[PDB]
Amino acid sequence: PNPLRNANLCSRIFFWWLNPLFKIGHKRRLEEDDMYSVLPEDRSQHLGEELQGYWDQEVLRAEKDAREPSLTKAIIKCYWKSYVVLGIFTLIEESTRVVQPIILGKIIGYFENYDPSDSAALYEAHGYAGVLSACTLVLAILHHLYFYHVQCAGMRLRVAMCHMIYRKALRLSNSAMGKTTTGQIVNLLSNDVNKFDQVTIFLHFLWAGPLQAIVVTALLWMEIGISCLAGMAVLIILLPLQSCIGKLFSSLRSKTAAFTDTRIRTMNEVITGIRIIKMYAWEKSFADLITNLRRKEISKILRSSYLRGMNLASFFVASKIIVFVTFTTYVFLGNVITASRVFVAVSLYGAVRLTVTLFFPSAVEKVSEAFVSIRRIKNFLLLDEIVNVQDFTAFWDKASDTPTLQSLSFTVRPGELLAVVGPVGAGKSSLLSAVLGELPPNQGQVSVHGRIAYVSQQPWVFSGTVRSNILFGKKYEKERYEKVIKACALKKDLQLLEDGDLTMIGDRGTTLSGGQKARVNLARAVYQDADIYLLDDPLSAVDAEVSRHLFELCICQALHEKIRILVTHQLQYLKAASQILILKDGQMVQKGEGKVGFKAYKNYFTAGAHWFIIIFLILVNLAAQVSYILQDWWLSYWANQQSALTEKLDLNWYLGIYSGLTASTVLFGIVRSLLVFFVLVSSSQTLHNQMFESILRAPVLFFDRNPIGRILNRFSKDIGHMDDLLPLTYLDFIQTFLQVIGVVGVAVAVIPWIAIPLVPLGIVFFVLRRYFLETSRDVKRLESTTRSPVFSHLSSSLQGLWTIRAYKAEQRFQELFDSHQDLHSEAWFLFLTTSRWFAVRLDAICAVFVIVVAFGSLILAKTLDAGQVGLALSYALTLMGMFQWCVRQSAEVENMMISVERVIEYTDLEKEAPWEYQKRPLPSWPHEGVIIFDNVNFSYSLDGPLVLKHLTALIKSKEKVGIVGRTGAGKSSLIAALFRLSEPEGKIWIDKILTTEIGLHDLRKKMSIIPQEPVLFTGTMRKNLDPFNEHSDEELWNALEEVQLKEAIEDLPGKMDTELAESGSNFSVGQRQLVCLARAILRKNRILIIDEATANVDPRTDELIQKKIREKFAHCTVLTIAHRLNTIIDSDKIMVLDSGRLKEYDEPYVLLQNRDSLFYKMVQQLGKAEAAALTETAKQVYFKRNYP
Ligand SMILES: C[C@]12CC[C@H](OS(=O)(=O)O)CC1=CC[C@@H]1[C@@H]2CC[C@]2(C)C(=O)CC[C@@H]12
């Protein structure tokens, strides 16, 4: 529903149909459903289909030639017929813009020749004043039509482009999915396609600027003659100069984007891995790495911002220079300054200033930015894009030494389960992809019948309700739904959830546990009730008991009659499977906010520089605008002084002060524009370092009480604004605000009575502003909140591309994208239309001011000179567009300051205890590795429960101790206390030193940790092992041999200098664990803390790391958290935490022989044979340790 369909022409132009929503919004806060729908022209589907049609056409034409296709060509062939008629606005608007200076000139002419008693003269002047008023209204209306329509053009271009990007993304080949990663594609939408909103704004000025410059040259030629050409020479120097600056700025910005992208990726992994960075004490290395990336980036930003500031200063002072040279040569040729000529010419140059030195350079800049965007988009659009298997062989990459699947033949039929079994990387998932048909055969054939269900190994969940993620477009139905929810072992959680299965889910299921989203992902598949289930190991996404529970209930009971193809290692379940196919090396081996106060402004500007510099900044701004106003006032003063005069003015005095006034205007304009960027970029720099130091020393509790995305937004969005958009908007607002104050000041200074109409007029403005703002900030909230889901959907679909492609769900997912997109388009449509509603009426009251100035000058004409009125009116005419831009820019400024307020708070976080005390331990300390807990109590927060109480234990230099206990019993709490991840109560001694009497780095660097899950960081394999670069390469190779990885690195081209991926996918999980083990080996320390290190490792690798532990750390005291009690059963003693209480600490055999020990209960829970093995092992090692 949209009343713009029903609105009469007047209501279409002036948007009167928004008025009820203004009334509502003033009375109450606007919400998502207070929002009229977009017209059928703007609908995303209809609007993207056309551009794709023309892209197909141009691809075919280039295909018939040999050349590569052009995407700019498809865009033009599509949108030219609509966009070109918009130039009639531009044509009529710019033609009236050059006529209106002529009417102005005839008004000023009445004052130049004002006679005391001619009635007919007065009547004609009133006629021109009415014509001038009407010209102003028509200009305003055409301006607003044009800008409203080009903005809709840009919106539709973005919408169609985004539709195409999304359409292409769904069909990329898995090879294209390899060289392209989610972050790049999402940056397309989030960064590059947003450049199309700006493209269409100024393109009609690529011809109208030059054509209007030629027309203005002819008009000026009749006004003043040859002197016109000096100003036009300056104009044609500015054209190449400003266009070179714009292209060079675009180049610098294109390069700096790389540093920005690298910094944001490093910062993403820092914030994500901050706990391990803290335990390793590697904070110095990331401090350095981020410091250097940020230093490079801020140098690029400083240079880029100086270029942009020079372009802005060149616009601001363009007509000052153009007028200065024009009238300098005009007076050197013997002419005289008159108010009519001067201000007519000043007005014409004002028009040329806008179109040629603002809109034409702006167009070149934005087309350049658009071409880098279009190049990336074409590089994306051109990227590559019963059951029976026989003789199957295939390559992922023909450059491989071998095929990646080979010599494959098998068949499976209704009522069967086929297991795919074997080592990691044996091609099992690749096999499933082949059966799906994602991987075509290079030889052999695949044939399948019925619908296929593909369940990815990693779970996938998208927006909406958890039930929306499960149903996946299917009808909700009680019986099948209940059968699904019970078979997927999920009912309990959906009952415990207060909003049940209607709980809303985040961008990556961040509110869900891994097992929860896993069970969601499986439930989805089972709900589809397909014929063939390709089960790519759904079970490793849940705990071992739930894994067998899902195998029995979902796979055996629910999928009972189906074909199944289950990738798994749980061979113990496969007694119930029909057949197993074993792969190796790809070949078959076997077959069978919203408001901020003055304090935020002060803090922001003072974080940049010492307040003395800010006083100088204010003074430089005042001086810039004062010299501006004064140069124009000087022309008008010169015109009045000429008009008072044979003899002539002293060109030395007048032209000298003119030259000084104009030189200081240029000087302060330049320094003002540069110093704003320096101060505000130094502010962003200081605040980034303060926020980075705070986040580095902030306690872990800060990272529990914030999600990662929320903190990373401070570094991406908010600091992004503070580097790029905010300083530019500040300079824009400051420049426009001082212009407006100068207009009003000149007006009130020339006719003081204007102050009276200005009172009601000012009151109306302020009421209107308030009444608008109330709703304006609502829609800006609602724009942001409807923008975010779009990127979320893109990213989620990219992660789940296998599954949506498997379900043939591309159609519905394009509909979803279009729905999100057109919902955002309604918010963007209210942004556009509401911002026009306000701009129109601001220009309305501004036009009343123009009317008042004009007519009041005629009412008061006995009291004024021609140059006074010419000055006042020229300035008044300039108020149109300026004043509304000022007000809306002010709203932009205040909206961005919410980002500043969000980062300034993170400069004030609480901080952990100092890394080093004034007391420091001996360099030989720890000399023995003694650990003592004595009446220790520990809680993650002062307001939280005591998760550890009365913890009291000794750990000597030689013994090995296991840490055991139920989930949440406090095991991880012990690691947190020992590293002082939260400050413990009580006494902790290490080598007769209280851990609390030394710095955090003293003890953190002297304890080794093997995390629960390995993490690798982008950069060299040397960095991931020796980030401080103090070891010899001999030691690195010894360690890499010990961790059995040397062969892979030497096979890799760079050896240790090979560039690793941020997720380490270059290496297997076991290889990642081996990187961690290598780090621990290279750091010789007395005490090693092991965190569940092998609970999920395969036995044939677990025994390897067990042996490596027995060898490389035999001298160390070792504290081991372990689910896999076989990893710790040969400890000297074991600690059992009941619930924050050390209830057991004794020899494992002595414990287990007490059948009532909690440790014995925990082993018995495993099973009788497991407990028998564990007890026998403990008994024999206890005997042998008593024997020596
Ligand atoms: C033309 C004007 C207003 C007057 C300014 O002159 S200034 O001396 O006050 O800076 C410059 C200026 C800059 C940007 C202009 C603006 C008017 C409104 C415009 C055209 C839009 O919708 C998008 C860009 C906008």
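Side chains are part of it too, since the values below use all heavy atoms of this structure and drop only hydrogens, waters and symmetry mates. Here, residue 1 is the first one in the sequence, and each next residue gets the next number. Note that ligands are numbered from 1 as they come in the structure, with each ligand's atoms numbered from 1 the same way.
In this structure a side-chain-to-backbone donor-acceptor pair under 3.5 Å is missing from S683 to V679.
None of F22, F838, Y148 except one satisfies the ring-ring contact (aromatic ring centres under 6.0 Å, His included) rule with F15; the exception is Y148.
Taking the centre and axis of the six-membered ring of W16, the NZ or CZ atom of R841 falls inside the cone set by 45° and 6.0 Å. For the pair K780 and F831, the cation-pi test (distance below 6.0 Å, angle within 45°) is failed.
Residues passing the ring pair (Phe, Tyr, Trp, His ring centres under 6.0 Å) test with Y658, sequence neighbours excluded: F324.
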Measure and list all N/O to N/O distances between ligand 1 and the protein that fall under 3.5 angstrom.
{"unit_1": "ligand 1", "atom_1": "8 (O)", "unit_2": "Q739", "atom_2": "NE2", "d": "2.8"}
{"unit_1": "ligand 1", "atom_1": "10 (O)", "unit_2": "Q735", "atom_2": "NE2", "d": "2.7"}

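Judged purely by distance below 3.5 Å, without hydrogens or angles, the side chains of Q889 and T729 never pair a donor atom with an acceptor atom.
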